[PDB]
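Each residue of the sequence shown is one higher than the one before, starting from 1 at the first, in the entry's author numbering. By construction, the Cβ of each residue, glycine as well, lies at the ideal position given by its N, Cα and C atoms. Heads up: the structure comes next, in structure tokens.
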Amino acid sequence: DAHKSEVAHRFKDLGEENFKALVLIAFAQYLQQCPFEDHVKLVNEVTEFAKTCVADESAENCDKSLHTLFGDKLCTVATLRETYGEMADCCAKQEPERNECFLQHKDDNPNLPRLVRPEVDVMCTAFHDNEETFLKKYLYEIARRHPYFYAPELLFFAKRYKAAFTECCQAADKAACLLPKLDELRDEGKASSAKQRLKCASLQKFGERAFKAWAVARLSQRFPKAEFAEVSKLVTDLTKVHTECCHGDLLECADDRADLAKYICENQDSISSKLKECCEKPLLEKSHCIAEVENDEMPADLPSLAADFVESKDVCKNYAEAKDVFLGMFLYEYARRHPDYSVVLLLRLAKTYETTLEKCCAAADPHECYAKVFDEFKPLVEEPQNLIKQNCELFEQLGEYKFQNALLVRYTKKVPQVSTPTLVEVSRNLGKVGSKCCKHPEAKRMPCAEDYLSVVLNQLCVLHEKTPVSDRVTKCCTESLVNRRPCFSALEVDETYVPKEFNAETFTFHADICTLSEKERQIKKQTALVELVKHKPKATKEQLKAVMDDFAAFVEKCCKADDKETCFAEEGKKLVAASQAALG
Ligand SMILES: CCCCCCCCCCCCCC(=O)O
Ligand SMILES: CCCCCCCCCCCCCC(=O)O
Ligand SMILES: CCCCCCCCCCCCCC(=O)O
Ligand SMILES: CCCCCCCCCCCCCC(=O)O
Ligand SMILES: CCCCCCCCCCCCCC(=O)O
Ligand SMILES: CCCCCCCCCCCCCC(=O)O
Ligand SMILES: CCCCCCCCCCCCCC(=O)O
Ligand SMILES: CCCCCCCCCCCCCC(=O)O
Ligand SMILES: [Co+2]
Ligand SMILES: [Co+2]
Ligand SMILES: [Co+2]
Ligand SMILES: [Co+2]
Ligand SMILES: [Co+2]
């Protein structure tokens, strides 16, 4: 593929709207400090040129590559040295040194102030009176604050925001319609950003063979009709894409992703029937659509796994030939038969098979050792399926909020060293995971759980590893991504914990609670419970339930009477002393 102008060629394939979006994101992930209206100029300056070249590729500078045009344009920026400093020094570099120089001088935390959400009225009003300026500003604002976030992915999110505004701004109780959707998108925004980063860290730390294992597992579930060769092909293609995107070049990453889809949509018949709609969709959309594609039908009359991977003298031979191609096959075969399983569960099986196979092989006669490998799998399978039942049962009894509280207590006792604000949010978000996935039938519970659990455990591990307080959490966090959730599951109640000293103000409450969002109210209620538990690790549901119900009664009482503030302090003082006796 070669065009005289690539800038002319890109302008057409993407379409001007997507084109004017990306360029804005592009120049916003670099030049995070420059004001909006400047970028808007720059965007338009590019966009004019882009059009000059669309009209005639022979036009001057149209021939020059995106990498050259983009770089030249960045060096055009006046006050580049005043604000961007060493980034300016990049301009004396000749491509591809200069482009690499730019990537290096991205700032992952520009110390920009928190992006504050206006009131619904203000947004809808601005949205109406100025749609583009409204939407682009925030696109700009998000892209500069998140310079490594994959630009197309950001764009897909921006078009969803537009949707929520368009629907909600027309209706009554817009805030009721809108605020949910805006949080939902934000939560997803973080999840996406974290999931992207988790893909790159895993590849760096645990390596590429690990990466591919995770990939084989996942694709074999996604594409059960495909042969091991074809999975294996796609796994090696997919890893390379990740390896280019983790470096952080957008164009290269995008081209690799586009290529990988191009291939997939040509060989649909070889992979999955579910690709048809995705492949019709436009290029940016196609890559996204493949990633999210439904699992294909698992072929019927599938042979038992105990034939090829047990009951076969050649296994010890074949394992040795290629430890990874055989193991990979086993994973492929096990996985395509188990879409109901979590990716990490399948790796625990493959890992087990390998450990068994290596130890068994070259010792005595192998058959007698490798005979019971499949039995070793059953305990591993049961453990995560047990937890789902136990948790989804308790969830259905208690309901989300109360479930979050059951969680809060449990975890505080295990890891009291963790900051209250972190204990709350993790316990809240875990509530949401069981809320979402317990609604699924027995199948798809684990794959649902895994993906949602990964984000929460990552949020915590990312947040904790900046300010560590627990060796037990650190161990889990810096452990293999296969063993990460089991480690957390394994955490036992720490007997060594010296309780938190009482403080009145913590357990003091004001009438402000009465008029407050339930979430905000819950957070503070929830906060007190954590503090309560940190004070009294030797508290027990029998004793704890009492105190929680008296607090339930203390709050409904004062918020009901006319002079709430007096009640709150005076009743609280009773509530404290009473409870303090009840827990000691
Ligand atoms: C990637 C999204 C670009 C367009 C966003 C439209 C405006 C979003 C609402 C204003 C800021 C919301 C902040 C937040 O949700 O935390
Ligand atoms: C993209 C396939 C290979 C990925 C191998 C590393 C996986 C790291 C953990 C990913 C957690 C998020 C799960 C997901 O991708 O939906
Ligand atoms: C830090 C240099 C590597 C750049 C990799 C870019 C693509 C993966 C990361 C995207 C999410 C960034 C999250 C973060 O680091 O805060
Ligand atoms: C399941 C098959 C996936 C085919 C699509 C290619 C996915 C490669 C991901 C490259 C990094 C993009 C980061 C993101 O998800 O925003
Ligand atoms: C760091 C966590 C993941 C480590 C890998 C655990 C599973 C072991 C078997 C790996 C199979 C390799 C197959 C392949 O790469 O083609
Ligand atoms: C705390 C919320 C509970 C929701 C249900 C999930 C229970 C944990 C089981 C996780 C199994 C998938 C991950 C893994 O294989 O380790
Ligand atoms: C700091 C909070 C730690 C959260 C750990 C969550 C582990 C996955 C949930 C599965 C249920 C087991 C919980 C546990 O044993 O701690
Ligand atoms: C022993 C010191 C005084 C303790 C006062 C009560 C502490 C627990 C308050 C938070 C738990 C209530 C949550 C709820 O029932 O919704
Ligand atoms: Co093209
Ligand atoms: Co109007
Ligand atoms: Co490439
Ligand atoms: Co998506
Ligand atoms: Co789901």
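**Message:** Mapping the DSSP letters down to three states, classify residue 447 as helix, strand or coil.
**Reply:** Position 447 of the sequence shown, counting from 1, holds the residue named residue 447. For residue 447, the three-state secondary structure derived from DSSP is helix.
**Asked** Quick one: is the Cβ of residue 546 within less than 7 Å of any heavy atom of ligand 8?
**Response** Taking the sequence shown and counting its residues from 1, the one referred to as residue 546 is at position 546. No, since every heavy atom of ligand 8 falls outside the 7 Å radius drawn around the Cβ of residue 546.
**Prompt:** For the alpha helix (DSSP H) that contains residue 156, what are its first and last residues?
**Reply:** In the sequence shown, residue 156 corresponds to position 156, counting from 1. 151-170 is the span of the alpha helix (DSSP H), which, as asked, contains residue 156.
**Prompt:** Where residue 149 and residue 193 are concerned, what is the direct C-alpha to C-alpha distance, given to the nearest angstrom?
**Reply:** For the purposes of this step, residue 149 is taken as residue 149 along the sequence shown, with counting starting at 1. For the purposes of this step, residue 193 is taken as residue 193 along the sequence shown, with counting starting at 1. As the crow flies, the alpha-carbon of residue 149 is around 6 Å from that of residue 193.
**Prompt:** What separation, rounded to the nearest whole angstrom, lies between the Cα atoms of residue 353 and residue 327?
**Reply:** As a first step, residue 353 must be located in the sequence shown, where it is residue number 353. As a first step, residue 327 must be located in the sequence shown, where it is residue number 327. Using only the alpha carbons, I get a separation of about 8 Å.
**Item:** Backbone secondary structure at residue 123 - three-state DSSP
**Value:** To locate residue 123, count along the sequence shown from 1; it is residue 123. In this structure, residue 123 counts as helix in the three-state DSSP scheme.
**Request:** Measure the CB-CB distance between residue 136 and residue 14 and report whether it falls below 8 Å.
**Result:** Residue 136 sits at position 136 when you count from the first residue of the sequence shown. Residue 14 sits at position 14 when you count from the first residue of the sequence shown. Cβ distance not < 8 Å, so residue 136 and residue 14 don't count as in contact.
**Message:** Given this structure, state the Cα-to-Cα distance separating residue 172 from residue 181, to the nearest angstrom.
**Reply:** Along the sequence shown, one-based indexing puts residue 172 at 172. Along the sequence shown, one-based indexing puts residue 181 at 181. Their Cα atoms are separated by approximately 15 Å.
**Message:** Quick check: the Cα distance between residue 28 and residue 568, rounded to an integer number of angstroms?
**Reply:** Working through the sequence shown from its first residue, we reach residue 28 at position 28. Working through the sequence shown from its first residue, we reach residue 568 at position 568. So the alpha carbons of these two residues sit roughly 50 Å apart.
**Message:** What does the alpha-carbon distance come out to for the pair residue 95 and residue 73?
**Reply:** Translated into the one-based positions of the sequence shown, residue 95 becomes position 95. Translated into the one-based positions of the sequence shown, residue 73 becomes position 73. About 13 Å.
**Prompt:** If you follow the alpha helix (DSSP H) that residue 485 is part of, which residue opens it and which one closes it?
**Reply:** The sequence position of residue 485 within the sequence shown is 485, counting from 1. Taken as a continuous stretch (DSSP letters only), the alpha helix (DSSP H) holding residue 485 covers 484-490.
**Where residue 11 falls: helix, strand or coil (DSSP)** = For this step, residue 11 is matched to residue 11 along the sequence shown. Of the three classes helix, strand and coil, the one that applies to residue 11 here is helix, per DSSP.
**Asked** With a CB to CB cut of under 6 Å and the five nearest residues on each side skipped, what residues in its chain are close to residue 316?
**Response** Locating residue 316 in the sequence shown gives position 316, where the first residue counts as 1. Result list for residue 316: 361 and 366, in chain order.
**Message:** By the DSSP assignment, the alpha helix (DSSP H) with residue 382 in it spans what residues?
**Reply:** Here residue 382 corresponds to residue number 382 of the sequence shown, with the count starting at 1. From DSSP, the alpha helix (DSSP H) with residue 382 extends over 373-398.
**Message:** Quick check: is any heavy atom of ligand 5 less than 7 Å from the C-beta of residue 324?
**Reply:** Within the sequence shown, numbered from 1, the residue matching residue 324 stands at position 324. Result yes, Cβ under 7 Å from ligand 5.
**Request:** Leaving out five residues on either side along the sequence, give the residues of the same chain with a beta carbon under 7 Å from the beta carbon of residue 230.
**Result:** On the sequence shown, position 230 is the one that residue 230 refers to. Answer for residue 230: 270 and 271, listed in chain order.
**Item:** Between the CA atoms of residue 240 and residue 530 - distance to the nearest angstrom
**Value:** Taking the sequence shown and counting its residues from 1, the one referred to as residue 530 is at position 530. Taking the sequence shown and counting its residues from 1, the one referred to as residue 240 is at position 240. Roughly 45 Å between the two C-alpha positions.
**Request:** Within its chain, find whatever has a CB closer than 8 Å to the CB of residue 251; leave out the 5 residues flanking it on each side and keep chain order.
**Result:** As a position in the sequence shown, residue 251 is number 251, starting the count at 1. Correct list, in chain order: 66 and 67.
**Request:** Measuring alpha carbon to alpha carbon, tell me which of 191, 286, 204 and 238 ends up nearest residue 212.
**Result:** The residue given as residue 212 occupies position 212 in the sequence shown. The residue with the shortest Cα to Cα distance from residue 212 is 238.
**Item:** Collapsed DSSP secondary structure at residue 553 in the structure displayed
**Value:** Translated into positions along the sequence shown, residue 553 becomes position 553. The answer is helix: DSSP assigns residue 553 an H, G or I state.
**Asked** Just to confirm, does residue 39 get its C-beta within under 7 Å of one of the non-hydrogen atoms of ligand 10?
**Response** Taking the first residue of the sequence shown as position 1, residue 39 is located at position 39. Answer for residue 39: no, Cβ out of range of ligand 10.
**Message:** Considering only the alpha carbon of each residue, which of 163, 143 and 262 lies closest to residue 284?
**Reply:** The residue given as residue 284 occupies position 284 in the sequence shown. Closest by alpha carbon: 262.
**Request:** Quick one: give me the first and last residue of the alpha helix (DSSP H) that residue 337 is part of.
**Result:** Position 337 of the sequence shown holds residue 337. Residue 337: not part of any alpha helix (DSSP H); DSSP gives it neither H nor E.
**Message:** With a threshold of 8 Å on Cβ separation, who are the neighbours of residue 128 within its own chain once the five nearest residues in sequence on each side are excluded?
**Reply:** Counting from one through the sequence shown, the residue named residue 128 turns up at place 128. Cβ neighbours of residue 128 beyond the five flanking positions: 169.
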